[PDB]
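Engineer: This is the structure I have questions about; it appears just below.
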Amino acid sequence: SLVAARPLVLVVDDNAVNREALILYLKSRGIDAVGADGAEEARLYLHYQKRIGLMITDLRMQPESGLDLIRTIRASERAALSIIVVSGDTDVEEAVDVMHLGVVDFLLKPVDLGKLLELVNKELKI
Amino acid sequence: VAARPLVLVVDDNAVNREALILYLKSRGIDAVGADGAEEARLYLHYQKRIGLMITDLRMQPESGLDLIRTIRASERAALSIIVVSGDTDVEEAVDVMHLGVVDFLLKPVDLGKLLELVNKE
Amino acid sequence: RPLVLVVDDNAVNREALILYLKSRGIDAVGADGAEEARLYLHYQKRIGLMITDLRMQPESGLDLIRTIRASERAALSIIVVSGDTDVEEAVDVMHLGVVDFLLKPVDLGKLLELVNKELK
Amino acid sequence: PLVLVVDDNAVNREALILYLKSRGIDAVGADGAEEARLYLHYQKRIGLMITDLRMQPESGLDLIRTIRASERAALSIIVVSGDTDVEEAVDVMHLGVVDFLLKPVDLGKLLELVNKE
């Protein structure tokens, strides 16, 4: 539409400490953010809050992994959703699978925050 | 006739520390980070110029309260301390306030309020 | 002879702490709230210590302590004993320089210790 | 329709060429990034390139970048790699390769090729 809705980032991680740290970092840089504790809460947020324009997710999550969450997103009405992966332990095959799913980027933890913010600003046009 | 402020940011999470360090720095206040009580003390030993410490309570093996106690029993006893705490309770907040902290804020922190306390200190 | 003022809008809790203090050699009197507490402090100069709850209607223990710190009796020793609070209110109150902040069920040994020391 | 196969290892390069050609698919080989660029430049029938990542002076990733900066930017490229890592795979996947396969090779790769032409 002619003027963008205010940006909202969904941060998905089953680690509450990290989830909250990243929300704080995004907010300290003037970017609104909300958190989901796994794939099910992520799909809820996406369904009921249309303002979300970007999702940041870990791959390493219980009970459902970041890769499975991404797959269901790409098969849904929110298939065009911008996604940045910030991952714990992973491997080449999984990274290639995720990249075929069209993510904006795939970063390894400990996250490079300056690079993360560049990707977020660019995707959100800020 | 002139000098320059430095803040020590103590937390058990690197992103939290960085969020605060960047926020201060982007507002003309120098800051460094320590990942726990042992590193906090190292910075305090080797870096004067440190005029204020922002710490969490929730850290392991040594807690924020333990850290503050050791500081109040040291040559750095008058150090300005702000607490920005994760989960805590009334009796711990009271123990901490007895030790002389400047203020005690709960996470998720109100950064505008934080800055205001920092500026005044 | 020093007096302790006990402030609580709960008459039953109030009278039971005053009786306990007396049992321990400590004279004490009661106020049922902020307004009665300030009037007692105003005219009864024997009062060297005040014990107050935070949960009181129509004026809170927090508001009470603020009016005291804004007054000629700003230096009054004050102990808070509260059944019903939170970290943020406890911080607001400690900012006001209370001797201590005890949760209920009150540790009577700790309280009497605080009381004896503050009265000297 | 011609497949360029790029690898500084002659056994793997020849095996894959011979394999493809012994199926319905013509194929030629290069042994490094310089030679691949040479064939890409002069041999216009090349419609798909299979490359490794570990090569001599210029890497497979550096090769792909020079191709994406060029008139041959649309070239279909399949990567087949042995010694790699997550950050390199992501770097390469950002350059739009058809697929990125770990060694040891296979033949579901032939599946990949015929898919492409």
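Chains as they are written, first to last, in PDB author numbering: chain B, 63 to 188; chain C, 65 to 185; chain A, 68 to 187; chain D, 69 to 185. Every residue, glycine too, gets a C-beta built ideally from N, C-alpha and C.
Just reading off the beta strand (DSSP E) that B:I118 is part of, what are its end residues?
Structural biologist: Residue numbering aside, residue 118 of chain B sits at position 56 when the first sequence is read from its first letter. Segment 114 to 119, the beta strand (DSSP E) holding B:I118.
Engineer: Give me the Cα-Cα distance between A:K89 and A:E82, rounded to the nearest whole angstrom.
Structural biologist: Along the third sequence, one-based indexing puts residue 89 of chain A at 22. Along the third sequence, one-based indexing puts residue 82 of chain A at 15. For the pair A:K89 and A:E82, the Cα-to-Cα distance works out to about 11 Å.
Engineer: Are the segment 139 to 153 of chain B and the segment 136 to 146 of chain D touching by the rule of at least three beta carbon pairs closer than 8 Å?
Structural biologist: no
Engineer: Alpha carbon to alpha carbon, what distance is there between D:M117 and B:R136?
Structural biologist: Locating residue 136 of chain B in the first sequence gives position 74, where the first residue counts as 1. Locating residue 117 of chain D in the fourth sequence gives position 49, where the first residue counts as 1. Their Cα atoms are separated by approximately 29 Å.
Engineer: At the 8 Å Cβ level, is D:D120 part of the contact set with chain B, yes or no?
Structural biologist: Taking the fourth sequence and counting its residues from 1, one reaches residue 120 of chain D at position 52. It does not: the Cβ of D:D120 has no partner Cβ on chain B nearer than 8 Å.
Engineer: Using a Cβ distance threshold of 8 Å, determine whether the segment 163 to 175 of chain A contacts the segment 164 to 174 of chain C, with at least three qualifying pairs required.
Structural biologist: no
Engineer: With C-beta atoms as the reference, is A:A98 less than 8 Å away from A:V71?
Structural biologist: Against the third sequence, residue 98 of chain A aligns to sequence position 31. Against the third sequence, residue 71 of chain A aligns to sequence position 4. No; because the gap between Cβ atoms is not below 8 Å, this pair is not in contact.
Engineer: What in chain A is Cβ-close to C:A157, meaning under 7 Å?
Structural biologist: Position 93 of the second sequence holds residue 157 of chain C. Simply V154, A157, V158.
Engineer: Tell me the rounded alpha-carbon separation between B:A78 and B:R122.
Structural biologist: Start at 1 with the first residue of the first sequence, and residue 78 of chain B comes out as number 16. Start at 1 with the first residue of the first sequence, and residue 122 of chain B comes out as number 60. In a straight line, the C-alpha of B:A78 is about 13 Å away from that of B:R122.
Engineer: In chain C, which residues lie less than 7 Å from A:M161 when you measure between Cβ atoms?
Structural biologist: The residue given as residue 161 of chain A occupies position 94 in the third sequence. Here the neighbours are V158, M161.
Engineer: Report the partner residues of B:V148 according to the DSSP bridge assignment.
Structural biologist: Residue mapping note: residue 148 of chain B aligns to position 86 of the first sequence, counting from 1. In the DSSP output, where bridge partners are listed per residue, B:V148 has B:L169.
Engineer: Since C:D94 is in the beta strand (DSSP E), which residue starts that stretch and which ends it?
Structural biologist: Against the second sequence, residue 94 of chain C aligns to sequence position 30. 94 to 98 is the span of the beta strand (DSSP E), which, as asked, contains C:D94.
Engineer: I'd like to know if C:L170 contacts chain A, where contact means its C-beta is closer than 8 Å to some C-beta of that chain.
Structural biologist: On the second sequence, position 106 is the one that residue 170 of chain C refers to. Yes - at least one Cβ of chain A is within 8 Å of the one on C:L170.
Engineer: Classify A:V74 as helix, strand or coil using the three-state DSSP reduction.
Structural biologist: Position 7 of the third sequence, counted from the start, is the residue given in the question as residue 74 of chain A. Three-state result, A:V74: strand.
Engineer: The alpha helix (DSSP H) spanning D:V160 covers which residue range?
Structural biologist: For the purposes of this step, residue 160 of chain D is identified with residue 92 of the fourth sequence, where counting begins at 1. Unbroken alpha helix (DSSP H) run through D:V160: 154 to 161.
Engineer: Which of the three DSSP states is assigned to C:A137 in this structure?
Structural biologist: Locating residue 137 of chain C in the second sequence gives position 73, where the first residue counts as 1. It is coil, neither helix nor strand.
Engineer: Kindly indicate which residue of C:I114, C:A104, C:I85 has the alpha-carbon position closest to the one of C:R68.
Structural biologist: Taking the second sequence and counting its residues from 1, one reaches residue 68 of chain C at position 4. Distances from the alpha-carbon of C:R68 to those of C:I114, C:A104, C:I85 put C:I114 closest.
Engineer: May I ask which residues mark the beginning and end of the alpha helix (DSSP H) holding D:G176?
Structural biologist: As a first step, residue 176 of chain D must be located in the fourth sequence, where it is residue number 108. Element bounds for D:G176: 176 to 184.
Engineer: Take A:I93 and list the residues in its own chain whose beta-carbon comes closer than 7 Å to its own, dropping the five residues that flank it on each side.
Structural biologist: Your numbering for residue 93 of chain A matches position 26 in the third sequence. Around A:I93: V71, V182.
Engineer: Thinking just about the alpha-carbon of each residue, which of A:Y87, A:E126, A:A157 is nearest to the one in A:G176?
Structural biologist: Within the third sequence, residue 176 of chain A is the residue found at index 109, counting from 1. Here the closest residue by C-alpha is A:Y87.
Engineer: Hey, is B:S90's beta-carbon within less than 8 Å of any beta-carbon in chain C?
Structural biologist: Walking along the first sequence from the start, residue 90 of chain B turns up at place 28. Yes, its Cβ sits closer than 8 Å to a Cβ of chain C.
Engineer: Confirm, please, whether the CB-CB distance from C:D120 to C:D76 is below 8 Å.
Structural biologist: As a working mapping, residue 76 of chain C is identified with position 12 in the second sequence. As a working mapping, residue 120 of chain C is identified with position 56 in the second sequence. Contact: yes.
Engineer: Can you have a look at C:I85 and say buried or exposed, based on whether 16 or more other CB atoms are within 10 angstroms of its CB?
Structural biologist: As a first step, residue 85 of chain C must be located in the second sequence, where it is residue number 21. C:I85 comes out buried.
Engineer: Distance check for C:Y110 and C:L179, CA to CA, integer angstroms please.
Structural biologist: Reading the second sequence from its first residue, position 115 is the one you call residue 179 of chain C. Reading the second sequence from its first residue, position 46 is the one you call residue 110 of chain C. Whole-angstrom Cα-Cα distance: 25 Å.
Engineer: Apart from the five residues just before and just after D:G100, which ones in its own chain have a Cβ nearer than 8 Å to its Cβ?
Structural biologist: For the purposes of this step, residue 100 of chain D is taken as residue 32 along the fourth sequence, with counting starting at 1. Taken in chain order, the residues that qualify are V74, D76, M123, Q124, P125, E126.
Engineer: Have a look at C:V65 and B:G150 and give me their C-alpha separation to the nearest angstrom.
Structural biologist: Looking up residue 65 of chain C in the second sequence gives position 1. Looking up residue 150 of chain B in the first sequence gives position 88. Whole-angstrom Cα-Cα distance: 50 Å.
Engineer: According to DSSP, is B:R105 helix, strand or coil?
Structural biologist: As a working note, residue 105 of chain B is residue 43 in the first sequence. In this structure, B:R105 counts as helix in the three-state DSSP scheme.
Engineer: Give the single residue among D:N80, D:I132, D:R91 whose Cα lies nearest to the Cα of D:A104.
Structural biologist: Working through the fourth sequence from its first residue, we reach residue 104 of chain D at position 36. Here the closest residue by C-alpha is D:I132.
Engineer: If you measure from the beta carbon of B:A67 to each beta carbon in chain C, is any gap under 8 Å?
Structural biologist: Position 5 of the first sequence, counting from 1, holds the residue named residue 67 of chain B. Judged by the 8 Å Cβ criterion, B:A67 is not in contact with chain C.
Engineer: I need the straight-line Cα distance from B:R91 to B:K112, nearest angstrom please.
Structural biologist: Counted from its first residue, the first sequence places residue 91 of chain B at position 29. Counted from its first residue, the first sequence places residue 112 of chain B at position 50. Inter-residue distance for B:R91 and B:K112 is about 22 Å (C-alpha atoms, whole angstroms).
Engineer: Suppose the cutoff is 7 Å on Cβ atoms and the five residues either side in sequence are ignored; what does the same chain contact list for D:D130 look like?
Structural biologist: Numbered from 1 along the fourth sequence, position 62 holds the residue referred to as residue 130 of chain D. In its chain, beyond the 5 residues on either side, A101 have a beta carbon closer than 7 Å to the beta carbon of D:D130.
Engineer: So D:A157 packs on B:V158, CB below 8 Å; how close in whole Å?
Structural biologist: As a first step, residue 157 of chain D must be located in the fourth sequence, where it is residue number 89. As a first step, residue 158 of chain B must be located in the first sequence, where it is residue number 96. Going by Cβ atoms, the distance from D:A157 to B:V158 rounds to 6 Å, so yes, they are a contact pair.
Engineer: DSSP state of C:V65, grouped into three classes?
Structural biologist: Indexing the second sequence from 1 puts residue 65 of chain C at position 1. In the three-state scheme derived from DSSP, where H, G and I count as helix and E and B as strand, C:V65 is classed as coil.
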